[PDB]
Every structure is written in C-alpha cells, then in structure tokens.
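Engineer: One structure coming up, written as structure tokens, with questions to follow.
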Amino acid sequence: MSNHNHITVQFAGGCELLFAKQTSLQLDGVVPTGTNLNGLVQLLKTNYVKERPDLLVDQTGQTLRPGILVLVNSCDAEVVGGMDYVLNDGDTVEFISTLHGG
C-alpha cells in the first residue's frame with residue numbers, strides 16, 4: 001500500500017500529552033540522512049509541544065530529562081548515542097516518563 005520506511009514516534013505513560021494525547025505518529029520523508037536525534041525531537045516538540053517545552057528537555061533544549069527513557073528500534077536510545085542517532089527513514093523513537101519528582 002504505502003509502507004515506505006515510515007517513522008515511529010509514540011508516547012507512553014504521561015508523555016502523550018506532550019503532543020496531542022496521541023498513541024503514536026508517523027512521518028514521511030525522502031532523504032533524512034542529514035538529520036539526527038536532536039533534529040528529530042525539535043521537529044516534534046519545538047514544532048508543536050503542547051505541554052511545557054521546558055518540562056521535557058534536559059536543560060539545553062537539546063536532549064530530554066533523565067526521567068524519560070528514550071528508545072530506538074525497541075532498544076535503549078542512550079546506548080547507541082542518546083542525542084546523536086542519525087536518521088535515514090524507517091526509524092523508531094519513544095518517550096516514556098518515569099521520574100516524576102516535583
């Protein structure tokens with residue numbers, strides 16, 4: 001039908017409200033070889049970010065706070081790089097908050 005790469009950007013727990021209470025999203029590109037994680041997140045939050053944009057970011061507005069567990073292709077996203085995972089169409093990224101704090 002139209003299964004060409006496709007991006008898997010979804011949320012879990014209390015992070016769905018950081019976009020539009022959506023279960024998952026898919027982006028259609030052409031040549032994301034020149035794109036990285038920092039560019040992927042900013043494209044989802046800086047481009048929309050319903051809730052406080054400063055509530056997810058770590059501090060430099062480049063990465064996210066430890067409370068959220070980022071994973072790529074059903075695997076730890078921090079291991080591969082954390083904030084340097086280059087995209088190439090057909091990637092997967094998740095944001096699940098755990099550390100509530102205050």
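Labeling convention for the structure tokens: chains A, B, ... as they appear, residues from 1 per chain, ligands from 1 in order of appearance.
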DSSP says strand (DSSP E) for which residues of chain A? Put them as a CSV table (one decimal) with C-alpha atoms, in the first residue's frame?
Structural biologist:
chain,number,residue,atom,x,y,z
A,8,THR,CA,7.6,5.5,14.7
A,9,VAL,CA,7.2,8.4,17.2
A,10,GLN,CA,4.9,7.4,20.1
A,11,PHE,CA,4.5,8.1,23.8
A,12,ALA,CA,3.8,6.0,27.0
A,24,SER,CA,1.8,7.1,18.0
A,25,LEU,CA,2.8,9.2,15.0
A,68,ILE,CA,12.1,10.0,30.3
A,69,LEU,CA,13.5,6.8,28.8
A,70,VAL,CA,14.4,7.2,25.1
A,71,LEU,CA,14.5,4.0,23.0
A,72,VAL,CA,15.4,3.4,19.3
A,92,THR,CA,11.7,4.5,15.8
A,93,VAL,CA,11.7,6.7,18.9
A,94,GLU,CA,9.8,6.6,22.1
A,95,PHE,CA,9.5,8.8,25.2
A,96,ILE,CA,8.3,7.3,28.4
A,97,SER,CA,8.4,9.3,31.7
Engineer: Need to verify the contact set: residue 53 (chain A), 12 Å, only C-alpha atoms, exclusion of same-chain residues closer than 4 positions in sequence. Can you return it as a short mmCIF file (atom, residue, chain, number, x, y, z; two decimals) with N, CA and C atoms, in the first residue's frame?
Structural biologist:
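Heads up, here's the output in selection_4.cif:
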data_model
loop_
_atom_site.label_atom_id
_atom_site.label_comp_id
_atom_site.auth_asym_id
_atom_site.auth_seq_id
_atom_site.Cartn_x
_atom_site.Cartn_y
_atom_site.Cartn_z
N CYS A 15 3.39 11.00 28.78
CA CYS A 15 4.12 11.80 27.79
C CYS A 15 3.27 12.08 26.54
N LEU A 17 0.56 13.54 26.35
CA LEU A 17 0.04 14.90 26.46
C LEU A 17 1.06 15.95 25.98
N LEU A 18 2.29 15.52 25.69
CA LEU A 18 3.34 16.43 25.22
C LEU A 18 3.25 16.68 23.71
N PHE A 19 2.15 16.26 23.08
CA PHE A 19 1.97 16.45 21.64
C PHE A 19 0.49 16.66 21.33
N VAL A 41 13.67 15.36 17.56
CA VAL A 41 12.91 15.82 18.72
C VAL A 41 12.39 17.23 18.51
N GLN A 42 13.30 18.15 18.17
CA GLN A 42 12.92 19.54 17.92
C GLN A 42 11.79 19.63 16.89
N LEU A 44 9.41 17.51 16.58
CA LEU A 44 8.17 17.05 17.21
C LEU A 44 7.72 17.98 18.33
N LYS A 45 8.66 18.45 19.16
CA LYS A 45 8.31 19.34 20.26
C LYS A 45 8.41 20.81 19.87
N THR A 46 9.60 21.27 19.48
CA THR A 46 9.77 22.67 19.09
C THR A 46 8.78 23.07 17.99
N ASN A 47 8.35 22.09 17.19
CA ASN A 47 7.40 22.34 16.11
C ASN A 47 5.95 22.35 16.63
N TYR A 48 5.71 21.63 17.73
CA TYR A 48 4.37 21.57 18.32
C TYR A 48 4.42 21.72 19.85
N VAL A 49 4.86 20.66 20.55
CA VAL A 49 4.96 20.64 22.02
C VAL A 49 3.77 21.33 22.69
N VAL A 57 12.70 18.73 28.10
CA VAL A 57 14.12 18.96 27.81
C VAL A 57 14.98 18.84 29.06
N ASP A 58 16.22 18.42 28.87
CA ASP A 58 17.16 18.26 29.97
C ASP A 58 17.52 19.61 30.58
N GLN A 59 17.97 20.54 29.73
CA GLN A 59 18.34 21.88 30.18
C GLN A 59 18.75 22.77 29.01
N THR A 60 19.53 22.22 28.08
CA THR A 60 19.99 22.97 26.91
C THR A 60 18.99 22.89 25.75
N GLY A 61 17.79 22.37 26.02
CA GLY A 61 16.78 22.25 24.98
C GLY A 61 17.24 21.41 23.81
N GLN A 62 18.22 20.54 24.07
CA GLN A 62 18.78 19.66 23.04
C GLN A 62 18.38 18.21 23.30
N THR A 63 18.40 17.82 24.57
CA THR A 63 18.03 16.47 24.97
C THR A 63 16.87 16.51 25.96
N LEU A 64 16.45 15.35 26.45
CA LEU A 64 15.34 15.28 27.40
C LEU A 64 15.84 14.87 28.78
N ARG A 65 15.08 15.25 29.81
CA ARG A 65 15.44 14.93 31.19
C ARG A 65 15.51 13.41 31.42
#
Engineer: Among chain A, which ones does DSSP assign to helix (DSSP H, G or I) (computed from the backbone)? Answer as a PyMOL selection string.
Structural biologist: chain A and resi 16-18+32-34+37-44+77-80
Engineer: From the set A:55, A:37, A:99, A:30, which residue has the shortest atom-to-atom contact distance to residue 85 (chain A), counting only C-alpha atoms?
Structural biologist: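 Answer, going by the shortest atom-to-atom distance: A:37.
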Engineer: Calculate how many Å separate CA of residue 22 (chain A) from CA of residue 36 (chain A), rounding to one decimal.
Structural biologist: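 Straight-line distance from CA of residue 22 (chain A) to CA of residue 36 (chain A) works out to 22.8 Å.
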Engineer: Which is closest to residue 26 (chain A) among A:7, A:102, A:14, A:88, if we use only C-alpha atoms?
Structural biologist: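 Nearest to residue 26 (chain A): A:7.
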Engineer: Which is closer to residue 78 (chain A) than all the others in A:16, A:35, A:66, A:91, using only C-alpha atoms?
Structural biologist: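 Under the stated criterion, the closest residue is A:66.
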